[PDB]
J.: 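If you scroll down you'll find the structure; I have some questions about it.
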Amino acid sequence: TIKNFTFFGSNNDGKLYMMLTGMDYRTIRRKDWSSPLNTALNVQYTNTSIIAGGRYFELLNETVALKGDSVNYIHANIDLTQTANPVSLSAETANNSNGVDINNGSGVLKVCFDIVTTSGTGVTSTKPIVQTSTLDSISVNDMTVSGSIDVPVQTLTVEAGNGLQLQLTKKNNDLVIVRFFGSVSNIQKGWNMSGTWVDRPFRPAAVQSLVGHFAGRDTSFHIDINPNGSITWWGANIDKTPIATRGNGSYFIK
Amino acid sequence: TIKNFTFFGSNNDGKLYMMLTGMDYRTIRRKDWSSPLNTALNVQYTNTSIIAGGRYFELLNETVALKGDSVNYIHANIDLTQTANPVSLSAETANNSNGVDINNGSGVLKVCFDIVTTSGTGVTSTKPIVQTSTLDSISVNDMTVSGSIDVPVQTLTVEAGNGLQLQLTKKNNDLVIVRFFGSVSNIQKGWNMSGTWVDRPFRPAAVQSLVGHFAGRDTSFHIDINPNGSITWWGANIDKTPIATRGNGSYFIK
Amino acid sequence: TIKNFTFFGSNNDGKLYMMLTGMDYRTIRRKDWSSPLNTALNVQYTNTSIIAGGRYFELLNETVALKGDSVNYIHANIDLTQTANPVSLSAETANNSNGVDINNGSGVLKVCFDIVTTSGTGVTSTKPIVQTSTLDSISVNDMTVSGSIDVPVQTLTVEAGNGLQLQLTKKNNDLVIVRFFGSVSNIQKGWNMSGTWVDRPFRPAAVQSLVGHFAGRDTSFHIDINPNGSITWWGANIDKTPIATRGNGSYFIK
């Protein structure tokens with residue numbers, strides 16, 4: 001059975017709860033207080049709470065019939081005009097989440113919350129749909145991440161002059177790894193390189209010395225990336241013959 | 001008009017909601033379900049929900065008069081002694097958020113939620129106030145960040161001895177980038193440098209070998225930063241003539 | 001006195017609130033609106049709100065008696081059968097939080113929220129219990145962290161061949177720092193090294209050149225970690241005599 005609570009103003013409560021937890025109409029809050037049971041081509045939610053569109057309901061021994069040999073996307077369907085039974089579940093061949101705003105308008109909200117894969121006769125795997133918190137600015141003491149943090153990534157290629165090539169990758173507008181390529185020739189120690197300066201978003205607050213290596217040799221150089229974006233050669237003097245330059249150097253922008 | 005919901009106990013609910021979402025009195029939750037409309041020196045909020053001091057209300061075709069040629073700071077003002085209209089909006093010359101605790105004592109809460117810039121005749125730009133979630137310890141599976149993560153940063157300058165200087169920058173109490181400055185003279189391979197040891201908070205769990213470069217030359221060195229904070233020279237033997245030492249090296253503390 | 005609000009469906013509201021804020025039964029939300037006051041071996045909570053098992057209640061001039069010369073773990077205990085006073089406080093010799101599910105079943109929930117250390121006559125220090133937010137997937141504009149972010153860490157040792165050892169540490173499944181160990185001999189420039197290739201999870205999307213240093217010498221080398229996991233020697237030619245190889249180099253996988 002489906003027990004409905006945030007229903008019949010309920011929409012003002014719905015919006016209130018949505019804003020508190022940071023959810024839009026394309027996600028859910030979900031908790032299996034008890035394990036869902038699979039017998040034959042069925043999923044029985046024994047005790048599962050769901051919040052969808054800010055509306056709280058409970059799935060208490062609620063069984064969904066599954067189609068065999070397929071990926072079943074389990075949906076919660078909220079139709080507020082259906083006074084007695086506003087919430088129903090369905091098993092579908094695709095994620096058909098529709099993001100319909102049931103708190104400000106009319107229509108039926110569909111949200112996928114479970115993915116259940118079957119064989120010919122039973123369930124072989126289940127995967128919950130991600131519960132998304134959409135927040136603005138967070139202040140926190142400690143954080144632990146079990147998967148991954150995704151931060152902004154910018155990339156820039158600089159033809160620094162004299163044949164030298166920098167490939168810069170910046171993450172979190174702060175950490176930069178520089179990869180050296182190309183070949184150096186016709187330059188002296190302390191000379192500014194004759195080509196393109198580093199773009200503003202990659203310029204460090206303080207001068208950075210990045211060490212590189214001459215391919216196939218036991219010799220070394222470094223360049224200085226200056227705050228103004230210019231690059232200063234600080235290897236030895238190089239004559240007319242180009243020498244291949246390689247290596248990773250890293251620096252903080254801030 | 002302004003529709004009031006968490007109002008008139010309400011203050012117990014107010015505090016409950018504040019604690020659920022992690023807000024204090026100096027922030028809001030805000031959602032424009034519909035776009036605000038500008039007509040000459042006015043902002044009309046067509047359908048905007050706000051939570052301020054844990055109190056939920058709705059701005060439904062609510063117009064705020066604006067002052068010309070200035071930055072207008074739009075405030076929600078909550079006075080619970082005014083039972084018929086506890087919430088009013090104002091446009092002010094500065095952000096005058098007062099953080100007044102209306103759920104525990106008397107007073108009027110003022111919180112800024114919007115910044116609207118005008119010319120002499122109309123609105124030229126609007127900028128929402130940030131919605132802050134103040135949290136303690138978070139456990140998360142995945143995170144995506146569209147702006148930046150700010151982590152703690154510690155800096156240290158070490159006069160390592162023999163003329164060598166290290167400038168260390170530590171972020172997130174883990175990633176360290178070291179910048180070499182100064183000079184080296186009067187040292188042999190495997191000798192610990194004769195100056196200051198690296199402070200406790202910058203010491204790695206295991207020995208870190210950091211490659212440096214001699215400015216204006218094609219030659220190299222490396223130092224070992226030992227778990228105990230001492231620094232071992234592992235370049236060649238250097239006589240009485242000082243050689244300028246440069247380069248970035250990075251290591252993990254944990 | 002203890003004022004009980006989410007009490008006497010109340011279990012449905014509790015679960016809803018637990019889901020909104022991302023709490024399980026082994027943590028709390030807690031706010032001292034007013035400072036708790038210590039006198040002799042007692043703590044008076046002057047105005048403290050708590051949420052435990054999604055149940056909101058207030059500690060308003062509520063005194064807990066302490067045991068002398070020890071570490072007192074302050075618990076909120078919730079027994080729903082006790083209609084008139086479902087919440088009580090205890091000071092105990094250990095953290096005895098039991099995670100009992102009072103919203104779906106019977107039993108007494110105990111959650112620790114404070115740690116109070118005493119001398120023979122008085123309180124010497126207090127320390128709150130962390131408030132945990134357990135979240136799934138976060139999308140955020142900006143974050144500021146005052147403590148630390150813990151990200152996944154993977155560790156690998158590669159016996160690269162020719163005597164060379166790579167110790168790789170990968171964090172956030174993206175940033176790798178390689179530490180060189182061992183010695184190199186019997187290798188020519190441009191030759192692939194004769195040992196194990198880098199395991200899949202440490203392979204970069206693009207070729208990475210990592211600069212190394214020869215211990216006790218002024219000479220350098222670099223290696224290329226190729227996308228397929230192979231390692232290419234790009235130092236000079238090395239004969240039968242092993243030379244110790246050291247240094248830190250970093251790269252991004254993505």
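Letters A, B, ... mirror the listed sequences (proteins, then strands); counts begin at 1. Just so it is clear, the values below take in all heavy atoms, side chains as well, and ignore hydrogens, waters and symmetry mates.
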J.: Would you compute the distance between atom CD1 of A:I187 and atom CD1 of A:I243 and round it to the nearest 0.5 angstrom?
T.: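 A:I187 atom CD1 to A:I243 atom CD1 measures 12.0 Å (nearest 0.5 Å).
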J.: Quick one: does A:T219's side chain have a donor or acceptor within less than 3.5 Å of a partner on A:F214's backbone?
T.: no
J.: Do the side chain of B:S139 and the main chain of A:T144 share a donor and acceptor less than 3.5 angstrom apart?
T.: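 Side chain of B:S139 to backbone of A:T144: no pair is present.
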J.: Would you say that C:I225 contacts C:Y251 through its side chain, given a criterion of any heavy-atom pair below 4.5 Å between the two side chains?
T.: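 Contact flag for C:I225/C:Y251 side chains = yes.
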J.: How long is the straight-line distance from CZ of B:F180 back to CD1 of B:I223, given to the nearest 0.5 Å?
T.: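 CZ of B:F180 is found 4.0 Å from CD1 of B:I223.
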J.: Would you check if the side chain of B:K170 reaches a backbone N or O of B:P201 as a donor-acceptor pair within less than 3.5 Å?
T.: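 Yes, B:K170 side chain to B:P201 backbone: donor-acceptor pair under 3.5 Å.
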J.: When you check the gap from the basic side-chain N to the acidic O, do A:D218 and C:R217 get nearer than 4.0 Å?
T.: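 Salt bridge absent between A:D218 and C:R217.
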J.: Treating A:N248 as the side-chain partner and C:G249 as the backbone partner, does any N or O pair qualify as donor plus acceptor under 3.5 Å?
T.: no
J.: For residues A:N141 and C:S146, is any side-chain donor paired with an opposing acceptor at under 3.5 Å?
T.: yes
J.: Can we say B:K171 and A:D174 salt-bridge, meaning some charged N sits less than 4.0 Å from an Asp/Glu carboxylate O?
T.: yes
J.: Measure from the side-chain N and O atoms of A:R179 to the backbone N and O of A:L166, and report whether any donor-acceptor pair falls under 3.5 Å.
T.: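 Checking the backbone N and O of A:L166 against the side chain of A:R179, no donor-acceptor pair under 3.5 Å is found.
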J.: Kindly compute the distance separating OG1 (C:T245) from NE2 (B:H222), expressed to the nearest 0.5 Å.
T.: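 NE2 of B:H222 is found 9.0 Å from OG1 of C:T245.
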J.: Hey, does the side chain of A:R203 reach the backbone of A:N228 with a donor-acceptor pair shorter than 3.5 angstrom?
T.: yes
J.: For the residue pair A:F252 and A:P204, what are the closest heavy atoms and their distance?
T.: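 That would be O-CB, 4.2 Å.
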J.: Tell me which one of C:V184, C:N192, C:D224, C:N162 satisfies side-chain contact (heavy atoms from CB on, under 4.5 Å) with C:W233.
T.: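 Of the listed options, the one satisfying the test is C:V184.
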